[PDB]
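Colleague: Any chance you could fold what I've pasted below:
(chains A, B, C and D)
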Amino acid sequence: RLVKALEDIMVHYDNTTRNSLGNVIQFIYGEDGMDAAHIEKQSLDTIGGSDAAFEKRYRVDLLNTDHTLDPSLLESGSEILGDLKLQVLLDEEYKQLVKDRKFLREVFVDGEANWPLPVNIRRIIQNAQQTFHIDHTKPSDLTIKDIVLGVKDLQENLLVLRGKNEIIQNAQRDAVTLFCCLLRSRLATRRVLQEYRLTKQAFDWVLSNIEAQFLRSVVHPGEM
Amino acid sequence: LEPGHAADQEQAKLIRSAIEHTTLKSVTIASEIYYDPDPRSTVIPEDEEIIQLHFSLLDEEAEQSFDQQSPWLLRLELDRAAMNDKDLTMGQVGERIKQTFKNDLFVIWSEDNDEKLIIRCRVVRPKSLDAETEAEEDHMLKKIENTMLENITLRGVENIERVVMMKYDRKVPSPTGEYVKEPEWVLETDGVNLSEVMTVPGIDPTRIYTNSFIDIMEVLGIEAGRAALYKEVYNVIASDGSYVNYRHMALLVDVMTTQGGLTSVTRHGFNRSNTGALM
Amino acid sequence: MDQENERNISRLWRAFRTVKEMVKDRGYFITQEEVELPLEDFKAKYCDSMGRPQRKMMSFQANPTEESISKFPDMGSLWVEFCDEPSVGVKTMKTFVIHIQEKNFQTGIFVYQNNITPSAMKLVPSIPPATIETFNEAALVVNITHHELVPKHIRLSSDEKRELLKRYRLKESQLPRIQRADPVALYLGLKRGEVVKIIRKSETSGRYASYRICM
Amino acid sequence: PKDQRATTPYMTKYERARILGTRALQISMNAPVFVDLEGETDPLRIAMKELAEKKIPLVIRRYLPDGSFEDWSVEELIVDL
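Modeller: Numbers count the residues shown, from 1 in each chain, chains lettered A, B, ... in the order given. Take a look at the structure below.
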């Protein structure tokens, strides 16, 4: 009975799911366009944790002493002190993380943090560390602006639907909301400098690999 | 329950009482029809004290008339234990009977403290009983007894049987931001009457849920019906621990709910559609 | 609790609040203060000294907001009337229809107590282009659109619907369907052919917008 | 639609399967070989070798549910499989 009911439903090249009549069952397969084979459980950091712990893990301040970024974490850590521009960028990043926290707490009322998602970023960062033999005692050569702009560019490259109009662009931006949340929670400046003392080469490698990997993760048109 | 009443106990019991369906038949021991021409007294010493209790109250009322007085006594003896369990008093049942029998049945009450919970009733028939206790047909009293024991809803929601209040934990953000388990009191019933139970005061209408997704569709719409159907499928599949990806069950429910209504996978549902004849 | 007791006044007040919220969500202008009327204030304004509210005094008129009329230049004025008769005979429906016709109200909502006779129901489509909506006070006691399961429904303008169909290369039939009698459809007062945007908080993705077409 | 093609620029799994199958069938049918055959014998392996070099002339017509289509040449498509 089940096989006959859903027999003729297929993913088409416009990424929608339709039956033999062309009727739309859903406007993107699985509501995010990724195939099940490439999903796997991952943690959403921002959902859990106390406000103080969340701020400590994510907030970075170049001006005040409450959450100062230790200068030893960057090859220009001393210079960045002040620089209202970098502070504005980091404040925007923290506001985005707070918005993600609120949005996720809305989506998952019970606060569950482990949910399937396409690309496993923990493995990507572990691979970067093992490949580049990153030394945890050498102040990384990354810069706050580089990190922020790289993450934003990656988010811009999270292509599922490739239309040029505004309806398809809204759909595509919606389809990557949760993966963007995972990225922002995982690639926070503070985390990328303290927890994962990556270098610029490793950061570029991680971003490129994430791009490629979820691009390989998207469902194939013609899938029955 | 509502957020301001969930953490407590007795308010949950009050909601239980407001929802749970209960009739006279659940509290009555036996119903007896007795012969008693006397409208103000009785040949039965057992009911003499009860009659005297209301003799100074009812028979002393102005505009005394026998139109509601008959020689037949429909004596119901209730269960004290059952009434105590349901938090029912002679009051509630009496005015419910009055509501169903505004002026077609003169009803006498027994004192709650009395060991004999008695509802002494007489037939009503104006223009024939006005000044006499004429022998009304006993079948009239038997029909009245049927109506009392079947068609009288003392309290609760129709089609809602035993309501089982129980406690289990739900995660809510602590003021520090951490998710902590806050014990909550809820009710799990039998039979579905969403359309009424939603409106009962004291319940959080935004959280009420049922496993009969058809009623969810009827009351909340096709989108809530689809969500409830997915929840039911997920519960069925995860009852054994093993789980399937969200996409498969989401696709199944989406297919079942594309036509603005619940479609079955039978030959009456997807098979009677617009698809190809050979398909 | 008698009819005059709070057991019924509270239900009436909650239905009033639900009606105000429903009219506000349709795009008409209703101040947030009116939506949050306290029970005591409602009794003072409407409930009689005898405990019997004058339902005729709860009659209500709403007008499209600036944004709603800008997006829906066909919108008109709304009239809402809570009838007094427990049973809606054809005479009361005829009187209401005449009132709508003479006031030239584009849309009118008729909230009734118990039931409407089929003869009266036959008068609903009797005054085009004006449309008459009927609601049962019991249904309106709780605003079903506030339920956790129910997502947010948004009505699309004809231009928005045309653009959607053009971008997805769809026909009117190839969209998912929503019936006219759907409780949310009645709440939004959808007409046949009006497409509704539904925004859900998907598990796989943060949000997922789907659409349905009234049938 | 000659441009603004909204379909994926990556050759799909089924597209790869059918391209390799078609080229294997053609080579088995003694079709011309476009690559420097390095002593290979299996038509499928030759097809894979000349797909690696983007030396398969065939294109891929991608039908949309409304009947339209897009012509993608295997030289354009990115073989990320």
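
Colleague: Strands of the stretch 101-250 of chain B, start to end?
Modeller: With DSSP state E, counting those that start in this stretch applied, the stretch 101-250 of chain B shows strands at B:105-108, B:118-123, B:153-155, B:164-173, B:179-188, listed in chain order.

Colleague: Who are the packing partners of the last one?
Modeller: Okay, so that is strand B:179-188. Where contact means 3 or more CB pairs under 8 Å, 6 or more residues apart in numbering or on different chains; DSSP states H and E, strand B:179-188 is packed against helix B:3-6, helix B:10-19, strand B:164-173. Heads up, the C-betas are built off the backbone N, CA and C, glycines and all.

Colleague: what about 7 Å?
Modeller: In terms of contact count using 3 or more CB pairs under 7 Å, 6 or more residues apart in numbering or on different chains; DSSP states H and E, strand B:179-188 is assigned the packing partners helix B:10-19, strand B:164-173.

Colleague: ditto for the first one
Modeller: In this structure, strand B:105-108 makes packing contacts with helix B:90-100, strand B:118-123, judged by 3+ CB pairs under 7 Å, 6+ apart.

Colleague: Go again with 10 Å.
Modeller: Of the remaining helices and strands, those touching strand B:105-108 by 3 or more CB pairs under 10 Å, 6 or more residues apart in numbering or on different chains; DSSP states H and E are helix B:45-55, strand B:72-78, helix B:90-100, strand B:118-123, helix B:138-151.

Colleague: List the neighbouring strands of it plus their orientation.
Modeller: Strand B:105-108 has the following strand partners under DSSP bridges: strand B:118-123 (antiparallel).

Colleague: Next: the third one.
Modeller: Each strand that strand B:153-155 pairs with, and the sense of that pairing, follows from DSSP bridges: strand B:22-23 (antiparallel).

Colleague: so where's the longest helix in chain C?
Modeller: The longest helix of chain C (DSSP state H) is helix C:6-25.

Colleague: Name the residues of it that are buried.
Modeller: Judged by neighbour count (16 or more other CB atoms under 10 Å in any protein chain shown), helix C:6-25 contains these buried residues: C:9-25.

Colleague: Equivalent analysis for stretch B:58-75, please.
Modeller: B:66-75.

Colleague: and the end-to-end length of that stretch?
Modeller: The straight-line separation of the ends of stretch B:58-75 (CA to CA, to the nearest Å) is 17 Å.

Colleague: And that stretch, how far out from the chain middle?
Modeller: In terms of CA atoms, centre = their mean, to the nearest Å, the centre of stretch B:58-75 is found 31 Å from the chain centre.

Colleague: still on that earlier bit, could I get the helices and strands packed on strand B:179-188 as CSV with mean neighbour count?
Modeller: As requested, the helices and strands packed on strand B:179-188 are arranged in CSV below (neighbours: other CB atoms under 10 Å in any protein chain shown):
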stretch, mean neighbour count
helix B:10-19, 17
strand B:164-173, 13
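
Colleague: Dump those to TSV, plus distance to residue A:139.
Modeller: Rendered in TSV, the data for those read as follows (distance: least, CB to CB, whole Å):
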stretch	distance to residue A:139
helix B:10-19	60
strand B:164-173	37
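
Colleague: so which of these comes closest to chain C?
Modeller: Closest to chain C of the helices and strands packed on strand B:179-188, according to CB to the nearest CB: helix B:10-19, at 10.8 Å.

Colleague: re earlier: and which of the buried residues of stretch B:58-75 is nearest chain C?
Modeller: Nearest to chain C among these, counting by CB to the nearest CB, is residue B:68 at 22.6 Å.

Colleague: what about the closest one, distance to residue B:50?
Modeller: To residue B:50, residue B:68 is 17 Å away according to CB to CB, to the nearest Å.

Colleague: tell me the most buried of the helices and strands packed on strand B:105-108?
Modeller: Each of the helices and strands packed on strand B:105-108 was given a mean neighbour count from mean count of other CB atoms under 10 Å in any protein chain shown, and the largest, a mean of 23, is that of strand B:118-123.

Colleague: In contact with the nearest residue to residue B:80 once chain neighbours are set aside: list those residues for me.
Modeller: Spatial nearest neighbour of residue B:80, chain neighbours left out: residue B:117 (5.8 Å); criterion: CB to CB, 6 or more residues apart in numbering or on different chains. With CB atoms under 10 Å, 6 or more residues apart in numbering or on different chains as the criterion, the residues that contact residue B:117 are B:27-29, B:50, B:76-80, B:82-83, B:88-90, B:93, B:109-111.

Colleague: any idea which element the closest residue to residue C:12 other than its chain neighbours lies in?
Modeller: Sequence neighbours aside, residue C:53 is the residue nearest to residue C:12 in space, at 6.2 Å (criterion: CB to CB, 6+ apart). Here residue C:53, judged by DSSP states H and E, is contained in no helix and no strand.

Colleague: Please apply the same query to residue C:187.
Modeller: With the criterion set as DSSP H and E, the secondary-structure element containing residue C:187 is helix C:183-188.

Colleague: what's whichever helix or strand comes after that helix packed up against?
Modeller: Later in the chain than helix C:183-188, the nearest helix or strand by DSSP H and E is strand C:195-200. Under the contact definition 3+ CB pairs under 10 Å, 6+ apart, strand C:195-200 sits against helix B:222-238, strand C:152-155, helix C:158-168, strand C:177-178, helix C:183-188, strand C:208-214.
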